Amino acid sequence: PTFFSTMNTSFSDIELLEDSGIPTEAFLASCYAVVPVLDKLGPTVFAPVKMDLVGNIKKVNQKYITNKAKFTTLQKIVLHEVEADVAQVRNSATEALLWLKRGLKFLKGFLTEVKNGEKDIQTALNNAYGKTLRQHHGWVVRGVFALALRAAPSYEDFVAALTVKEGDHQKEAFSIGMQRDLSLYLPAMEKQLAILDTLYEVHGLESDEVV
């Protein structure tokens, strides 16, 4: 096994509910799962990333826990905010999920480069950044990304952070397992992100604001 098939981690183990509903807890658990990897790779240097993710998961969860029966899916949360005219209120779940999906599109891009055989982690990150998050960042935040990029792990340190037992990365079985697991993880994520993108587009929730 690899990190990408560990319990609660994979987007591929999330089954959709009626009307393509994305279950709230399972989705948020998949988002959280990368946090310990960030901590293995750079507890200080990637702290902005960790804080962003944790904060957005918190903001979605804060609405969820208010009425779990009502808020069984992401769509139910967003659509309630829209009905209540609170999607634009500070700390909304709609805003938190906007930034979660943006961050996941970046993660998907980066892991696709890796899956397709990119061994330069900086190249992989920077290629994915340009296509995803860069458009949403201003000058100062682009500078923070550039700082993070300089501190990118070696390929070996990166894959070592994705093993279930130390040393696994030196086995061919692991490379095969990475391919197996990413070949499920990535299209499952894509499917969910497409659902979310449609939801945001249709309801006029894709904000043009940059940070």
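Each residue number is its position in the shown sequence, starting from 1.
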Averaging CA B factors per stretch from the PDB record, which one is higher: 29 to 37 or 161 to 169? 161 to 169
Got a sec? Mean C-alpha B-factor, which is higher, 91 to 99 or 108 to 116? 108 to 116
What's the residue among 58, 150, 142, 50 with the greatest CA temperature factor in the PDB record? 150
Test of reading the entry: by CA B factor among the chain's modelled residues, which third contains residue 75? lowest
Among the modelled residues of its chain, does the C-alpha B-factor of residue 14 lie in the lowest, middle or highest third? middle
Of the three thirds of the chain ranked by Cα temperature factor, residue 146 occupies the middle
Consider only the C-alpha atoms of the modelled residues in this chain, order them by B-factor as the entry records it, and name the third containing residue 186: lowest, middle or highest. lowest
Going by what the PDB entry lists, where does residue 65 fall on CA B-factor within its chain: lowest, middle or highest third? middle
